[PDB]
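See structure below.
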Amino acid sequence: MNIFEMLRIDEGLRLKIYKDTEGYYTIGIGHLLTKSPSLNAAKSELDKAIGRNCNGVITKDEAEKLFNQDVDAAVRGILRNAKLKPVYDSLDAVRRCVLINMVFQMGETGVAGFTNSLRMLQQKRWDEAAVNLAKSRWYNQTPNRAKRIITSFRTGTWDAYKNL
(Lines give C-alpha, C1' and ligand atoms only; values in the text may rest on other atoms or scores of the structure.)
Protein backbone atom coordinates (compact mmCIF):
# COMPACT_ATOMS: atom_id res chain seq x y z
CA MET A 1 0.00 0.00 0.00
CA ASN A 2 1.30 3.43 -0.74
CA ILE A 3 0.09 7.01 -0.24
CA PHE A 4 -1.55 7.16 -3.71
CA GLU A 5 -3.59 3.98 -3.21
CA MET A 6 -4.37 5.01 0.28
CA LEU A 7 -5.83 8.36 -0.84
CA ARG A 8 -7.59 6.82 -3.75
CA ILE A 9 -9.44 4.64 -1.26
CA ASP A 10 -10.37 7.64 0.93
CA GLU A 11 -11.35 10.13 -1.74
CA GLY A 12 -12.61 8.05 -4.60
CA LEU A 13 -12.47 9.05 -8.25
CA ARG A 14 -15.11 11.22 -10.00
CA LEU A 15 -14.70 12.53 -13.53
CA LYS A 16 -17.54 15.06 -13.33
CA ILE A 17 -17.76 18.14 -10.86
CA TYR A 18 -19.34 17.05 -7.61
CA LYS A 19 -19.84 18.34 -4.14
CA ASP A 20 -17.61 17.07 -1.47
CA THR A 21 -18.73 16.20 2.03
CA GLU A 22 -18.78 19.89 3.01
CA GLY A 23 -20.69 20.85 -0.07
CA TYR A 24 -17.75 22.21 -2.08
CA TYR A 25 -17.18 21.72 -5.79
CA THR A 26 -14.51 19.07 -6.30
CA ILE A 27 -13.34 16.81 -9.14
CA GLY A 28 -11.15 13.74 -9.69
CA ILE A 29 -9.46 12.38 -6.66
CA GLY A 30 -10.54 14.83 -3.93
CA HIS A 31 -9.31 17.93 -5.80
CA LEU A 32 -11.11 20.89 -4.35
CA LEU A 33 -12.05 23.46 -6.94
CA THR A 34 -13.64 26.33 -5.08
CA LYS A 35 -15.50 26.99 -1.89
CA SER A 36 -17.73 29.24 -4.01
CA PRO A 37 -21.31 28.35 -4.31
CA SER A 38 -21.13 28.96 -7.99
CA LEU A 39 -21.05 26.00 -10.35
CA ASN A 40 -19.78 28.43 -12.86
CA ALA A 41 -17.01 29.60 -10.67
CA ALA A 42 -16.23 25.86 -10.39
CA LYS A 43 -16.09 25.28 -14.06
CA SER A 44 -13.86 28.27 -14.54
CA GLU A 45 -11.43 27.03 -11.93
CA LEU A 46 -11.54 23.67 -13.50
CA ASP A 47 -10.59 24.90 -16.97
CA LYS A 48 -7.81 27.00 -15.55
CA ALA A 49 -6.59 23.94 -13.66
CA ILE A 50 -6.59 21.61 -16.73
CA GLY A 51 -5.64 24.01 -19.39
CA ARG A 52 -8.67 23.21 -21.49
CA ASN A 53 -12.37 23.88 -21.93
CA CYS A 54 -13.74 21.00 -19.99
CA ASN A 55 -17.27 21.86 -19.51
CA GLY A 56 -17.24 20.23 -15.97
CA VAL A 57 -15.79 17.00 -17.15
CA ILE A 58 -12.23 15.50 -17.24
CA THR A 59 -10.50 12.31 -18.21
CA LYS A 60 -8.84 9.69 -16.02
CA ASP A 61 -5.46 10.93 -17.15
CA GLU A 62 -6.29 14.52 -16.13
CA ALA A 63 -7.66 13.36 -12.76
CA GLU A 64 -4.41 11.51 -12.09
CA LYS A 65 -2.33 14.45 -13.13
CA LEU A 66 -4.10 16.74 -10.66
CA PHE A 67 -3.71 13.91 -8.14
CA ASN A 68 0.08 13.83 -8.77
CA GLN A 69 0.19 17.58 -8.22
CA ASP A 70 -1.77 17.57 -5.02
CA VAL A 71 0.22 14.83 -3.36
CA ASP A 72 3.48 16.61 -4.22
CA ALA A 73 2.09 19.98 -3.00
CA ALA A 74 0.98 18.19 0.28
CA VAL A 75 4.46 16.66 0.90
CA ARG A 76 6.32 19.95 0.11
CA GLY A 77 3.94 21.89 2.36
CA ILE A 78 4.78 19.60 5.27
CA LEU A 79 8.51 20.03 4.63
CA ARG A 80 8.18 23.83 4.59
CA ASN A 81 6.00 24.09 7.53
CA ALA A 82 7.73 24.63 10.83
CA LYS A 83 5.16 22.85 12.89
CA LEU A 84 4.77 19.89 10.56
CA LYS A 85 8.29 19.16 9.42
CA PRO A 86 9.61 18.07 12.82
CA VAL A 87 6.71 15.66 13.28
CA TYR A 88 7.11 14.20 9.79
CA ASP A 89 10.83 13.83 10.44
CA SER A 90 10.25 11.98 13.67
CA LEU A 91 7.91 9.49 12.05
CA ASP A 92 8.29 6.04 10.50
CA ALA A 93 7.28 5.39 6.92
CA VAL A 94 3.67 4.35 7.42
CA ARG A 95 2.88 7.20 9.84
CA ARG A 96 4.46 9.58 7.45
CA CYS A 97 1.85 8.48 4.81
CA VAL A 98 -0.81 9.03 7.44
CA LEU A 99 0.18 12.66 8.03
CA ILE A 100 0.30 13.23 4.34
CA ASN A 101 -3.25 11.97 4.08
CA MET A 102 -4.47 14.39 6.69
CA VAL A 103 -2.70 17.35 5.08
CA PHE A 104 -4.20 16.51 1.69
CA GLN A 105 -7.65 16.46 3.28
CA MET A 106 -7.54 19.49 5.60
CA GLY A 107 -4.66 21.61 4.46
CA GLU A 108 -1.39 22.40 6.24
CA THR A 109 -2.96 25.05 8.42
CA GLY A 110 -5.65 22.64 9.37
CA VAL A 111 -3.39 19.91 10.65
CA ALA A 112 -0.96 22.47 12.12
CA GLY A 113 -3.84 23.39 14.45
CA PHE A 114 -3.86 20.07 16.17
CA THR A 115 -1.18 21.18 18.60
CA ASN A 116 -1.59 18.58 21.27
CA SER A 117 -1.91 15.67 18.86
CA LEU A 118 1.23 16.74 16.98
CA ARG A 119 3.13 16.83 20.28
CA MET A 120 1.85 13.37 21.11
CA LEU A 121 2.80 11.82 17.85
CA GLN A 122 6.12 13.42 18.05
CA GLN A 123 6.61 11.75 21.35
CA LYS A 124 5.37 8.39 19.95
CA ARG A 125 2.51 8.25 22.42
CA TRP A 126 0.26 6.45 19.98
CA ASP A 127 -2.74 5.63 22.13
CA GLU A 128 -2.80 9.09 23.66
CA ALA A 129 -2.71 10.81 20.33
CA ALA A 130 -5.53 8.55 18.90
CA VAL A 131 -7.77 9.64 21.79
CA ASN A 132 -6.99 13.36 21.28
CA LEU A 133 -7.38 13.27 17.50
CA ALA A 134 -10.96 11.86 17.96
CA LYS A 135 -11.98 15.01 19.84
CA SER A 136 -12.41 17.17 16.77
CA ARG A 137 -14.95 18.38 14.24
CA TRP A 138 -12.92 16.35 11.78
CA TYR A 139 -13.67 13.04 13.45
CA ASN A 140 -17.33 13.90 14.02
CA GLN A 141 -17.81 14.90 10.42
CA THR A 142 -16.01 11.99 8.60
CA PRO A 143 -15.82 9.38 11.31
CA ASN A 144 -15.03 6.31 9.06
CA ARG A 145 -12.10 8.00 7.33
CA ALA A 146 -10.97 9.57 10.63
CA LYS A 147 -11.06 6.14 12.29
CA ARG A 148 -8.97 4.67 9.50
CA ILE A 149 -6.39 7.44 10.01
CA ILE A 150 -6.41 7.20 13.75
CA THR A 151 -5.96 3.35 13.69
CA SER A 152 -3.05 3.82 11.25
CA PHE A 153 -1.27 6.17 13.74
CA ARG A 154 -2.10 3.70 16.44
CA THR A 155 -0.65 0.58 14.90
CA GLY A 156 1.76 1.90 12.45
CA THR A 157 0.51 -0.62 9.85
CA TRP A 158 -1.86 -0.51 6.81
CA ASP A 159 -4.40 -2.87 8.35
CA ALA A 160 -7.22 -0.38 8.35
CA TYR A 161 -6.92 -0.13 4.62
CA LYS A 162 -6.33 -3.86 3.75
CA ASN A 163 -9.91 -4.45 4.22
CA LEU A 164 -10.89 -1.87 1.59
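Within each chain, counting starts at residue 1; across the C-alpha coordinates, chains are named A, B, ... in the order shown, with ligands numbered 1 upward in that order.
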- Task: Give the helix (DSSP H, G or I) residues of stretch 30-124 of chain A, as assigned by DSSP on the backbone, as an NGL selection string.
- Result: :A and (39-50 or 60-80 or 85-90 or 93-112 or 115-122)
Could you list, as a PDB file with N, CA and C atoms, in the first residue's frame, every residue within 10 Å of residue A:120, counting only C-alpha atoms and ignoring same-chain residues fewer than 3 positions away?
ATOM      1  N   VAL A  87       7.510  16.869  13.026  1.00  0.00           N
ATOM      2  CA  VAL A  87       6.709  15.663  13.278  1.00  0.00           C
ATOM      3  C   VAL A  87       6.966  14.600  12.198  1.00  0.00           C
ATOM      4  N   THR A 115      -2.349  21.028  17.773  1.00  0.00           N
ATOM      5  CA  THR A 115      -1.177  21.177  18.603  1.00  0.00           C
ATOM      6  C   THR A 115      -0.866  20.035  19.530  1.00  0.00           C
ATOM      7  N   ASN A 116      -1.867  19.631  20.319  1.00  0.00           N
ATOM      8  CA  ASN A 116      -1.590  18.579  21.275  1.00  0.00           C
ATOM      9  C   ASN A 116      -1.338  17.232  20.626  1.00  0.00           C
ATOM     10  N   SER A 117      -2.072  16.952  19.564  1.00  0.00           N
ATOM     11  CA  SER A 117      -1.915  15.672  18.864  1.00  0.00           C
ATOM     12  C   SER A 117      -0.541  15.581  18.260  1.00  0.00           C
ATOM     13  N   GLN A 123       6.104  12.483  20.237  1.00  0.00           N
ATOM     14  CA  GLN A 123       6.608  11.751  21.346  1.00  0.00           C
ATOM     15  C   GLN A 123       6.309  10.286  21.253  1.00  0.00           C
ATOM     16  N   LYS A 124       5.672   9.798  20.148  1.00  0.00           N
ATOM     17  CA  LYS A 124       5.368   8.387  19.955  1.00  0.00           C
ATOM     18  C   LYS A 124       4.443   7.867  21.008  1.00  0.00           C
ATOM     19  N   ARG A 125       3.525   8.703  21.453  1.00  0.00           N
ATOM     20  CA  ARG A 125       2.510   8.245  22.423  1.00  0.00           C
ATOM     21  C   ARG A 125       1.244   8.020  21.610  1.00  0.00           C
ATOM     22  N   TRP A 126       1.257   6.891  20.944  1.00  0.00           N
ATOM     23  CA  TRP A 126       0.255   6.451  19.982  1.00  0.00           C
ATOM     24  C   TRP A 126      -1.185   6.427  20.475  1.00  0.00           C
ATOM     25  N   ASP A 127      -1.421   5.714  21.534  1.00  0.00           N
ATOM     26  CA  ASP A 127      -2.739   5.633  22.126  1.00  0.00           C
ATOM     27  C   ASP A 127      -3.176   6.982  22.621  1.00  0.00           C
ATOM     28  N   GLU A 128      -2.281   7.800  23.222  1.00  0.00           N
ATOM     29  CA  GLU A 128      -2.797   9.087  23.662  1.00  0.00           C
ATOM     30  C   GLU A 128      -3.219   9.944  22.513  1.00  0.00           C
ATOM     31  N   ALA A 129      -2.388   9.966  21.466  1.00  0.00           N
ATOM     32  CA  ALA A 129      -2.709  10.813  20.328  1.00  0.00           C
ATOM     33  C   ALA A 129      -4.010  10.416  19.589  1.00  0.00           C
ATOM     34  N   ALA A 130      -4.319   9.118  19.558  1.00  0.00           N
ATOM     35  CA  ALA A 130      -5.530   8.550  18.898  1.00  0.00           C
ATOM     36  C   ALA A 130      -6.774   9.101  19.604  1.00  0.00           C
ATOM     37  N   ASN A 132      -6.861  11.906  21.542  1.00  0.00           N
ATOM     38  CA  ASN A 132      -6.988  13.361  21.277  1.00  0.00           C
ATOM     39  C   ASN A 132      -7.482  13.650  19.855  1.00  0.00           C
ATOM     40  N   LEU A 133      -6.950  12.950  18.862  1.00  0.00           N
ATOM     41  CA  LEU A 133      -7.378  13.269  17.502  1.00  0.00           C
ATOM     42  C   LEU A 133      -8.914  13.092  17.337  1.00  0.00           C
TER      43      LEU A 133
END
- Note on the structure: Of A:138, A:58, A:48, A:6, the one sitting nearest residue A:27 when using only C-alpha atoms is A:58
- Message: I want to know what sits within 10 Å of stretch 89-106 of chain A, based on only C-alpha atoms, with residues of the same chain fewer than 2 positions away left out; could you give that as a PyMOL selection string?
- Response: chain A and resi 1-4+6-7+10-11+30-32+70-79+84-87+108-112+118+121-124+138+145-146+148-158
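If you count only C-alpha atoms and ignore residues fewer than 5 places along the chain from residue A:57, what sits within 12 Å of it is residues 14, 15, 16, 17, 18, 26, 27, 28, 42, 43, 44, 46, 47, 50, 52, 62 and 63 of chain A.
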- Task: Just give me the gap between atom CA of residue A:45 and atom CA of residue A:60 in Å, one decimal is fine.
- Result: 18.0 Å
- Write down as a ChimeraX atom specification the residues belonging to chain A that are assigned strand (DSSP E or B) by DSSP computed on the backbone. /A:14-19,25-28,31-34,57
Using N, CA, C and O atoms, can you export the residues from the last selection as a PDB file, in the first residue's frame?
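Done, and the output landed in result03.pdb:
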ATOM      1  N   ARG A  14     -13.940  10.650  -9.316  1.00  0.00           N
ATOM      2  CA  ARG A  14     -15.113  11.222  -9.996  1.00  0.00           C
ATOM      3  C   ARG A  14     -14.591  12.086 -11.122  1.00  0.00           C
ATOM      4  O   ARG A  14     -13.720  12.904 -10.896  1.00  0.00           O
ATOM      5  N   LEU A  15     -15.088  11.832 -12.332  1.00  0.00           N
ATOM      6  CA  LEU A  15     -14.699  12.525 -13.533  1.00  0.00           C
ATOM      7  C   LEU A  15     -15.572  13.655 -13.989  1.00  0.00           C
ATOM      8  O   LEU A  15     -15.285  14.256 -15.057  1.00  0.00           O
ATOM      9  N   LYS A  16     -16.608  13.936 -13.160  1.00  0.00           N
ATOM     10  CA  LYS A  16     -17.541  15.059 -13.335  1.00  0.00           C
ATOM     11  C   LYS A  16     -17.528  15.896 -12.028  1.00  0.00           C
ATOM     12  O   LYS A  16     -17.313  15.272 -10.969  1.00  0.00           O
ATOM     13  N   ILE A  17     -17.767  17.280 -12.075  1.00  0.00           N
ATOM     14  CA  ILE A  17     -17.765  18.139 -10.856  1.00  0.00           C
ATOM     15  C   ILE A  17     -18.746  17.549  -9.879  1.00  0.00           C
ATOM     16  O   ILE A  17     -19.797  17.075 -10.296  1.00  0.00           O
ATOM     17  N   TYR A  18     -18.419  17.566  -8.609  1.00  0.00           N
ATOM     18  CA  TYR A  18     -19.344  17.051  -7.609  1.00  0.00           C
ATOM     19  C   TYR A  18     -19.143  17.801  -6.348  1.00  0.00           C
ATOM     20  O   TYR A  18     -18.150  18.507  -6.239  1.00  0.00           O
ATOM     21  N   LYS A  19     -20.060  17.674  -5.404  1.00  0.00           N
ATOM     22  CA  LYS A  19     -19.837  18.340  -4.143  1.00  0.00           C
ATOM     23  C   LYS A  19     -19.204  17.383  -3.176  1.00  0.00           C
ATOM     24  O   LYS A  19     -19.531  16.215  -3.092  1.00  0.00           O
ATOM     25  N   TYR A  25     -17.420  22.184  -4.444  1.00  0.00           N
ATOM     26  CA  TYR A  25     -17.182  21.718  -5.795  1.00  0.00           C
ATOM     27  C   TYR A  25     -15.776  21.166  -5.898  1.00  0.00           C
ATOM     28  O   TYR A  25     -14.777  21.891  -5.700  1.00  0.00           O
ATOM     29  N   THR A  26     -15.723  19.870  -6.238  1.00  0.00           N
ATOM     30  CA  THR A  26     -14.515  19.069  -6.303  1.00  0.00           C
ATOM     31  C   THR A  26     -14.556  18.289  -7.606  1.00  0.00           C
ATOM     32  O   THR A  26     -15.588  18.239  -8.254  1.00  0.00           O
ATOM     33  N   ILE A  27     -13.446  17.665  -7.953  1.00  0.00           N
ATOM     34  CA  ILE A  27     -13.338  16.811  -9.136  1.00  0.00           C
ATOM     35  C   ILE A  27     -12.190  15.832  -8.936  1.00  0.00           C
ATOM     36  O   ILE A  27     -11.342  16.106  -8.130  1.00  0.00           O
ATOM     37  N   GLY A  28     -12.164  14.743  -9.678  1.00  0.00           N
ATOM     38  CA  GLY A  28     -11.149  13.740  -9.689  1.00  0.00           C
ATOM     39  C   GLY A  28     -10.987  13.045  -8.385  1.00  0.00           C
ATOM     40  O   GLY A  28     -11.952  12.560  -7.802  1.00  0.00           O
ATOM     41  N   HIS A  31      -9.917  16.654  -5.464  1.00  0.00           N
ATOM     42  CA  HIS A  31      -9.307  17.927  -5.803  1.00  0.00           C
ATOM     43  C   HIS A  31     -10.304  19.060  -5.621  1.00  0.00           C
ATOM     44  O   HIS A  31     -11.216  19.258  -6.430  1.00  0.00           O
ATOM     45  N   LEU A  32     -10.164  19.817  -4.561  1.00  0.00           N
ATOM     46  CA  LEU A  32     -11.114  20.894  -4.348  1.00  0.00           C
ATOM     47  C   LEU A  32     -11.047  21.964  -5.415  1.00  0.00           C
ATOM     48  O   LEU A  32      -9.968  22.394  -5.830  1.00  0.00           O
ATOM     49  N   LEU A  33     -12.167  22.431  -5.896  1.00  0.00           N
ATOM     50  CA  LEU A  33     -12.054  23.461  -6.941  1.00  0.00           C
ATOM     51  C   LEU A  33     -12.254  24.864  -6.394  1.00  0.00           C
ATOM     52  O   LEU A  33     -11.500  25.797  -6.662  1.00  0.00           O
ATOM     53  N   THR A  34     -13.328  25.032  -5.686  1.00  0.00           N
ATOM     54  CA  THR A  34     -13.639  26.330  -5.084  1.00  0.00           C
ATOM     55  C   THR A  34     -14.576  26.097  -3.891  1.00  0.00           C
ATOM     56  O   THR A  34     -15.258  25.079  -3.806  1.00  0.00           O
ATOM     57  N   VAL A  57     -16.163  18.381 -17.082  1.00  0.00           N
ATOM     58  CA  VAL A  57     -15.792  16.995 -17.151  1.00  0.00           C
ATOM     59  C   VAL A  57     -14.330  16.801 -17.588  1.00  0.00           C
ATOM     60  O   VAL A  57     -13.864  17.455 -18.509  1.00  0.00           O
TER      61      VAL A  57
END
